[PDB]
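Below: one structure, written as structure tokens.
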Amino acid sequence: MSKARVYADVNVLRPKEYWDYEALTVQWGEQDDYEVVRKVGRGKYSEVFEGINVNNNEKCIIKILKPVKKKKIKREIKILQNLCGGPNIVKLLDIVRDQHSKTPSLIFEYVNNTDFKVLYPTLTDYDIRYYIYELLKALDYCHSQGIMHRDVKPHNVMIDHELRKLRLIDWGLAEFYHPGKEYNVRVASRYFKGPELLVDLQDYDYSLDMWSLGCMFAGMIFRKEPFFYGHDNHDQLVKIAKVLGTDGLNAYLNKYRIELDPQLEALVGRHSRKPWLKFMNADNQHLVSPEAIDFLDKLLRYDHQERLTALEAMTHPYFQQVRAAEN
Ligand SMILES: N#Cc1cnn2c(Nc3ccccc3)nc(NCC3CCCCC3)nc12
């Protein structure tokens, strides 16, 4: 039996109007208020375009959704509404649908994002600390509002580098946290899935996002994208085990009484823990200080209960300069 160490009762104390997302009645806007300017992306969930509001001439992002169940879309909409105005939380501007096809589109604020594959390599030590701190504000906020993002990855972190503006987007996989609830482990992107998802521990919590953040962070400071490069869910756990070591995995499994599938146990084998500095090289030297390693080490723990919470992470000395500058 596992439960979050912080914000566990947020949804217990709030009324049904907050977490009963299926009760939501979607208020449709007008499709004609928005026009496509250029396609900027695509995914299994939607096609994304840079758009413009013909009324105010303001830029926006239009995501034309592929077939989705009523329950799922209501969940994304309710969460976006509940988190409105929070630090670095993307703003949902409107929700529209095509009459004949009933194809819905979500309208979001526009962020002039630069491909992370091109942006990250140019980030300085300070830039990394700054952007990760900004992302942490968003995570502590949603966690404080009883919501788990469950899909933290570079693709869901829009950054306008010129303006130094960051937004955590795509809340379609997010969920409300309820103590003891068993969630679907089929969330997050493989390279960012926490050990809990990989060993089928269903009663996970906000801490899942912290493992994903840790993966992003490790990728940035070590200049290795992605950090844990597995080809399937089983191999993903193997990649993690070859770094953190099987001793910690065994302890983790014993604590929560989890039994790995025979095939998985075989693939994992036995591995010694590898010091974080073994990933240091001439290319990532100006970015792997002791503070960075200490911070990373406290994020990437098998036991989700051991990981730093977003609030704790924000106070780690690694971010002391960012905090000082802000104050
Ligand atoms: N909500 C929201 C949201 C807000 N901006 N935004 C952007 N901005 C953007 C602007 C110009 C060029 C590229 C992107 N792209 C995507 N999704 C598309 C990206 C997904 C990650 C890989 C690159 C394309 N989603 C969003």
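In the structure tokens, each chain is lettered A, B, ... as it comes, each chain's residues begin at 1, and ligands are numbered from 1 in order of appearance.
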
Using only C-alpha atoms and all ligand atoms, which residues of the polymer chains come no farther than 8 Å from ligand 1? I'd like the answer as number ranges by chain. A: 40-42, 48-50, 60-61, 63, 90-92, 107-116, 154-158, 167-170

Name the residues in contact with residue 172 in chain A at a cut-off of 8 Å, using only C-alpha atoms, excluding same-chain residues fewer than 4 positions from it; report them as a PDB file with C-alpha atoms, in the first residue's frame.
ATOM      1  CA  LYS A  72     -10.778  11.070 -21.883  1.00  0.00           C
ATOM      2  CA  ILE A  73     -11.325  14.473 -23.473  1.00  0.00           C
ATOM      3  CA  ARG A  75     -10.495  14.686 -18.233  1.00  0.00           C
ATOM      4  CA  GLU A  76      -8.000  16.776 -20.207  1.00  0.00           C
TER       5      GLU A  76
END

So that I can check the secondary structure, give me every residue of range 58-306 of chain A assigned helix (DSSP H, G or I) by backbone DSSP, as a PyMOL selection string. chain A and resi 70-82+116-122+125-144+154-156+190-192+195-198+207-222+233-244+246-255+262-268+276-279+282-287+290-297

Using the selection just defined, write its residues with C-alpha atoms as a compact mmCIF listing (two decimals), in the first residue's frame.
# COMPACT_ATOMS: atom_id res chain seq x y z
CA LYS A 70 -15.78 11.40 -24.21
CA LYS A 71 -14.36 10.42 -20.82
CA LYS A 72 -10.78 11.07 -21.88
CA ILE A 73 -11.32 14.47 -23.47
CA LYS A 74 -13.38 15.64 -20.50
CA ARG A 75 -10.49 14.69 -18.23
CA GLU A 76 -8.00 16.78 -20.21
CA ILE A 77 -10.35 19.76 -20.36
CA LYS A 78 -11.23 19.66 -16.67
CA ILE A 79 -7.58 19.45 -15.63
CA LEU A 80 -6.60 22.33 -17.91
CA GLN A 81 -9.40 24.44 -16.41
CA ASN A 82 -8.49 23.52 -12.83
CA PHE A 116 14.85 20.50 -27.99
CA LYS A 117 17.33 18.54 -30.10
CA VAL A 118 18.63 21.90 -31.32
CA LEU A 119 18.00 24.04 -28.22
CA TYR A 120 19.35 21.86 -25.41
CA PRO A 121 22.87 21.60 -26.90
CA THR A 122 23.19 25.40 -26.74
CA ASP A 125 24.91 25.62 -17.09
CA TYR A 126 22.76 28.46 -15.81
CA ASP A 127 20.16 28.02 -18.56
CA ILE A 128 19.66 24.42 -17.51
CA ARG A 129 19.21 25.39 -13.87
CA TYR A 130 16.82 28.18 -14.85
CA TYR A 131 14.55 26.15 -17.15
CA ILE A 132 14.43 23.13 -14.85
CA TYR A 133 13.48 25.46 -11.99
CA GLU A 134 10.68 26.93 -14.12
CA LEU A 135 9.45 23.43 -14.96
CA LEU A 136 9.52 22.55 -11.26
CA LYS A 137 7.20 25.47 -10.50
CA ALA A 138 4.66 23.92 -12.86
CA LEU A 139 4.98 20.48 -11.30
CA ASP A 140 4.74 21.62 -7.69
CA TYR A 141 1.72 23.63 -8.71
CA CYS A 142 -0.19 20.82 -10.41
CA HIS A 143 0.77 18.36 -7.65
CA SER A 144 -0.49 20.90 -5.09
CA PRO A 154 11.05 17.41 -23.66
CA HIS A 155 8.24 17.20 -26.23
CA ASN A 156 5.80 18.48 -23.59
CA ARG A 190 9.06 5.01 -22.63
CA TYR A 191 12.36 6.83 -22.02
CA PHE A 192 10.71 8.71 -19.16
CA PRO A 195 10.34 2.07 -12.40
CA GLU A 196 6.85 1.92 -10.89
CA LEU A 197 5.25 1.80 -14.34
CA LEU A 198 7.82 -0.73 -15.52
CA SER A 207 6.49 11.24 -7.58
CA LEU A 208 6.23 9.63 -11.02
CA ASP A 209 6.69 13.06 -12.58
CA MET A 210 9.86 13.48 -10.57
CA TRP A 211 11.49 10.42 -12.13
CA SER A 212 10.58 11.74 -15.59
CA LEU A 213 12.02 15.15 -14.67
CA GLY A 214 15.15 13.37 -13.48
CA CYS A 215 15.47 11.68 -16.87
CA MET A 216 15.18 15.03 -18.65
CA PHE A 217 17.72 16.55 -16.29
CA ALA A 218 20.20 13.70 -16.72
CA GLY A 219 19.85 14.08 -20.48
CA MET A 220 20.64 17.78 -20.31
CA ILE A 221 23.70 17.74 -18.05
CA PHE A 222 25.26 14.60 -19.54
CA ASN A 233 9.23 -1.44 -21.83
CA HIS A 234 11.22 -4.45 -20.66
CA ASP A 235 14.45 -3.10 -22.12
CA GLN A 236 13.70 0.27 -20.51
CA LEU A 237 13.91 -1.30 -17.05
CA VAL A 238 17.11 -3.06 -18.12
CA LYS A 239 18.69 0.24 -19.13
CA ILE A 240 17.79 1.70 -15.75
CA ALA A 241 19.11 -1.35 -13.87
CA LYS A 242 22.45 -1.20 -15.70
CA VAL A 243 22.94 2.23 -14.13
CA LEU A 244 21.28 2.19 -10.71
CA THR A 246 20.08 -4.49 -9.43
CA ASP A 247 20.63 -4.33 -5.67
CA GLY A 248 18.43 -1.25 -5.40
CA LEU A 249 15.85 -2.81 -7.70
CA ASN A 250 15.67 -5.95 -5.56
CA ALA A 251 15.19 -3.87 -2.42
CA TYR A 252 12.48 -1.88 -4.23
CA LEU A 253 10.63 -5.00 -5.34
CA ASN A 254 10.81 -6.52 -1.86
CA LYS A 255 9.47 -3.39 -0.16
CA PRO A 262 10.00 -14.32 -15.39
CA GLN A 263 11.00 -13.04 -18.83
CA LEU A 264 11.68 -9.56 -17.45
CA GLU A 265 13.71 -10.82 -14.50
CA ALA A 266 15.90 -12.72 -16.96
CA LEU A 267 16.49 -9.68 -19.17
CA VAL A 268 17.44 -7.55 -16.16
CA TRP A 276 27.06 9.18 -12.03
CA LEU A 277 30.52 10.53 -12.87
CA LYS A 278 31.18 7.61 -15.22
CA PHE A 279 28.99 9.51 -17.69
CA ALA A 282 34.85 16.58 -22.25
CA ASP A 283 31.53 17.50 -23.86
CA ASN A 284 29.49 17.64 -20.64
CA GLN A 285 32.17 18.89 -18.29
CA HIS A 286 30.96 22.46 -17.88
CA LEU A 287 27.64 21.02 -16.67
CA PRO A 290 28.71 18.08 -7.53
CA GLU A 291 25.45 19.99 -6.94
CA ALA A 292 24.03 18.76 -10.25
CA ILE A 293 24.96 15.18 -9.44
CA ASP A 294 23.61 15.36 -5.90
CA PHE A 295 20.33 16.79 -7.20
CA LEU A 296 20.06 14.19 -9.98
CA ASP A 297 20.85 11.40 -7.54

Env of range 96-104 of chain A: 7 Å cut, atoms = only C-alpha atoms, seq-sep filter 5 positions within chain, self excluded. Answer as a list in words. residues 28, 29, 30, 31, 64 and 65 of chain A

Fewer than 4 positions away in the same chain doesn't count, so skip those; otherwise give me all residues within 8 Å of range 177-181 of chain A, counting only C-alpha atoms, as a CSV table (one decimal) with C-alpha atoms, in the first residue's frame.
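Resulting contents of around_14.csv:
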chain,number,residue,atom,x,y,z
A,1,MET,CA,0.0,0.0,0.0
A,2,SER,CA,1.6,3.2,-1.2
A,3,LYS,CA,0.5,6.8,-0.9
A,4,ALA,CA,1.9,10.2,-1.8
A,8,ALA,CA,-2.4,13.3,-0.5
A,9,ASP,CA,-5.7,14.8,0.6
A,11,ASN,CA,-9.0,15.9,-3.8
A,12,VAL,CA,-10.4,14.4,-0.6
A,146,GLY,CA,-4.0,17.2,-6.8
A,147,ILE,CA,-3.0,16.4,-10.4
A,148,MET,CA,-0.2,14.1,-11.8
A,202,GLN,CA,-0.3,0.8,-9.9
A,203,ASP,CA,-0.8,2.9,-6.8
A,205,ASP,CA,1.6,9.2,-7.3
A,206,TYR,CA,3.0,12.7,-8.1

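With distances restricted to only C-alpha atoms, A:288 is the closest residue to residue 124 in chain A from A:260, A:288, A:280, A:324.
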
Separation of CA of residue 165 in chain A from CA of residue 323 in chain A, in Å and rounded to one decimal: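 For CA of residue 165 in chain A relative to CA of residue 323 in chain A, the distance reads 16.3 Å.
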
Going by DSSP on the backbone, which bits of range 13-232 of chain A are strand (DSSP E)? Write them as a ChimeraX atom specification, please. /A:34-42,46-53,59-65,92-97,104-109,147-148,157-160,165-168,175-176

Near residue 35 in chain A, within 8 Å and counting only C-alpha atoms, which residues show up once chain neighbours fewer than 5 positions away are dropped, as a count of residues only? 4

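Pairwise distance (CA of residue 86 in chain A, CA of residue 7 in chain A) equals 16.2 Å.
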